[PDB]
Amino acid sequence: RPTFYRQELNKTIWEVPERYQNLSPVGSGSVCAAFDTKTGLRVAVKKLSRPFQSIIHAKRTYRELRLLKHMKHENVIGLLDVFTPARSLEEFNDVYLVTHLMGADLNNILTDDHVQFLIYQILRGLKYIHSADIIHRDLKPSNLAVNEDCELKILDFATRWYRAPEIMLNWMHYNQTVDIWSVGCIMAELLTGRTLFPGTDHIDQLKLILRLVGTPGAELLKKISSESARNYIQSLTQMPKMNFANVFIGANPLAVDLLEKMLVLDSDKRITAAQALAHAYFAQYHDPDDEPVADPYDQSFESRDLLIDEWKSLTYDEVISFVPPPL
Ligand SMILES: CC(=O)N1CCN(c2ccc(-c3nc(NCCc4ccccc4)c4ccc(N)cc4n3)cc2)CC1
């Protein structure tokens with residue numbers, strides 16, 4: 001067991017191993033930048049807020065730790081460390097997660113060669129995440145961290161602007177390509193400097209999407225199980241799919257083509273992350289021998305209904321069994 005030291009930061013007491021120095025608040029649970037004396041690198045230390053106050057929080061804490069412990073990929077945030085000051089399960093109340101400090105998010109931060117490299121890395125990270133049967137579900141520029149030489153990592157598994165239309169419309173059985181929709185929205189915004197679909201609410205959001213991609217055809221309508229959803233669709237004035245070359249004028253034609261394959265209303269026909277990596281737009285980065293998949297991820301706990309102290313004990317287990325990665 002390491003030696004801890006305590007301090008007050010903003011309104012919170014932080015108790016962390018002496019390993020971590022120079023704690024400096026970055027955001028509010030709450031995050032501090034720190035200096036990792038073991039590695040010489042800067043890290044982000046997140047202190048979770050009320051991690052076990054309810055069943056829902058307890059399961060969410062467990063879920064976040066399990067996910068972070070699983071991710072081992074250059075384009076996905078991974079867990080450098082996890083610790084608690086508690087010496088036993090009985091006094092276990094606080095959880096700290098340690099990750100690489102990334103420079104800035106993509107919302108803060110383009111040339112076509114920069115868009116190529118950034119979207120390539122997102123898709124590389126998504127191929128990995130999707131191969132574990134994990135769906136990010138909330139991809140957006142603020143969930144994409146980039147450092148100064150344009151290396152990107154996905155973290156944190158308006159919001160609505162990047163959300164797949166089948167999620168807006170409340171479909172229960174959506175697939176992993178909801179994330180590809182988000183990548184398409186992000187890529188469009190990097191190419192044009194403008195939010196693709198800046199809807200004011202959920203109905204406006206769908207109206208903006210349908211203006212670009214067109215109203216569903218009969219091929220899509222015959223797969224829609226909801227009578228109300230089918231009628232809503234067939235009630236709107238049919239819009240033709242717009243020609244993407246017209247909308248994204250002057251963009252690299254290969255980028256227009258990939259956007260056409262990502263921003264498809266029918267998610268059965270939307271391109272996958274693995275397929276997108278092989279698209280000609282990424283010709284100078286694509287390496288099928290260096291786009292790895294993930295180990296299988298046991299998601300069975302999602303279907304379980306447990307007590308607060310049970311989720312809490314399972315989380316404690318995962319803290320104790322954590323093995324730091326090689327330096
Ligand atoms: C609880 C409740 O009120 N519900 C009403 C809506 N509802 C619903 C909504 C969408 C779909 C749905 N959508 C797709 N895509 C959304 C299409 C779309 C079209 C216009 C505007 C927004 C989304 C699909 C795509 C492929 C596929 N194989 C099946 C698809 N299936 C299914 C059920 C069921 C739940």
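Hydrogens, waters and symmetry mates play no part in the numbers below; they use all other heavy atoms, side chains included. Counting from 1, the numbers follow the sequence of the chain as shown. Counting convention: from 1, in listed order, for ligands and their atoms alike.
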Undergrad: Do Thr272 and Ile180 come within less than 4.5 Å of each other through their side chains, counting heavy atoms only?
TA: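 With C-beta onward as the side chain, the pair stays apart.
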Undergrad: Just to be sure I read this right, does ligand 1 sit under 4.0 Å from the backbone of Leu220, its side chain, both, or neither, counting only heavy atoms?
TA: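 Within the 4.0 Å criterion, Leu220 contacts ligand 1 through side-chain atoms alone.
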Undergrad: Taking the basic N atoms (NZ, or NE/NH1/NH2) and the acidic carboxylate oxygens, is any pair closer than 4.0 Å for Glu15 and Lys47?
TA: no
Undergrad: Salt bridge or not between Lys69 and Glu64? Use side-chain N to carboxylate O under 4.0 Å.
TA: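 Salt bridge between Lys69 and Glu64, a charged N being under 4.0 Å from a carboxylate O: no.
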Undergrad: Quick one: look up the protein heavy atom nearest atom 26 (C) of ligand 1 and list residue, atom name and how far away it is.
TA: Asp266 OD1, 3.5 Å
Undergrad: Would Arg19 and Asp36 pass as an ion pair if we require N to O under 4.0 Å?
TA: yes
Undergrad: Applying a heavy-atom cut-off of 4.0 Å, say which part of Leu169 lies close to ligand 1: side chain, backbone, both or neither.
TA: both
Undergrad: Against heavy atoms of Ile233, which atoms of ligand 1 measure under 4.0 Å?
TA: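 Near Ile233, meaning under 4.0 Å from one of its heavy atoms, ligand 1 has 19 (C), 20 (C).
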Undergrad: Could you say whether the N/O atoms of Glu166 and ligand 1 ever approach to under 3.5 Å?
TA: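 By distance alone, the answer is no.
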Undergrad: Can a salt bridge be assigned to the pair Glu291 and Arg124 using a cut-off of 4.0 Å between side-chain N and carboxylate O?
TA: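 Here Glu291 does not pair with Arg124 in a salt bridge, since their nearest N and O are not under 4.0 Å apart.
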Undergrad: Regarding atom 32 (C) of ligand 1: of the candidates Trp171, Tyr232, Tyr174, which has the closest heavy atom?
TA: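 Checking each option, the heavy atom nearest atom 32 (C) of ligand 1 is found in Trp171.
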Undergrad: Ion pair present between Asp266 and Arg270, side-chain N to carboxylate O less than 4.0 angstrom?
TA: no
Undergrad: Quick test: of every protein heavy atom, which one is nearest to atom 5 (C) of ligand 1, and how far off is it to 0.1 Å?
TA: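 That would be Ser226 OG, 3.3 Å.
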Undergrad: For atom 28 (N) of ligand 1, which protein heavy atom lies nearest, and how many Å away is it?
TA: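 Checking every protein heavy atom, the shortest distance to atom 28 (N) of ligand 1 gives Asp268 OD2, 2.9 Å.
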Undergrad: Just heavy atoms, cut-off under 4.0 Å: does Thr215 contact ligand 1 by side chain, backbone, both, or neither?
TA: neither
Undergrad: What's the shortest distance from atom 21 (C) of ligand 1 to any protein heavy atom, and which residue and atom give it?
TA: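 Of every protein heavy atom, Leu206 CD2, 4.0 Å lies nearest to atom 21 (C) of ligand 1.
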Undergrad: Show which atoms of ligand 1 fall inside a sub-4.0 Å distance from at least one heavy-atom site of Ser225.
TA: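 Near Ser225, meaning under 4.0 Å from one of its heavy atoms, ligand 1 has 32 (C), 33 (C).
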Undergrad: Only heavy atoms of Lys223, strictly under 4.0 Å: list the atoms of ligand 1 that pass.
TA: 28 (N), 29 (C)
Undergrad: Looking only at protein heavy atoms, which one is nearest to atom 35 (C) of ligand 1, and what is the separation?
TA: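 Result: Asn170 O, 3.8 Å.
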Undergrad: Check each of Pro165, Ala164, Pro216 against atom 20 (C) of ligand 1 and report the one with the nearest heavy atom.
TA: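 Considering heavy atoms of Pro165, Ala164, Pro216, the nearest to atom 20 (C) of ligand 1 sits in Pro216.
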Undergrad: Between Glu310 and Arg304, does at least one N-O distance fall below 4.0 Å, as a salt bridge requires?
TA: no
Undergrad: Using the ring centroid of each side chain, check whether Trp181 and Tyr162 are separated by less than 6.0 Å.
TA: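 Judged by ring-centre distance (under 6.0 Å), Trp181 and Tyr162 do not meet the cut-off.
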Undergrad: Check this for me: does any side-chain nitrogen of one of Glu260 and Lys241 sit under 4.0 Å from a carboxylate oxygen of the other?
TA: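 Salt bridge flag = yes for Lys241 with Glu260.
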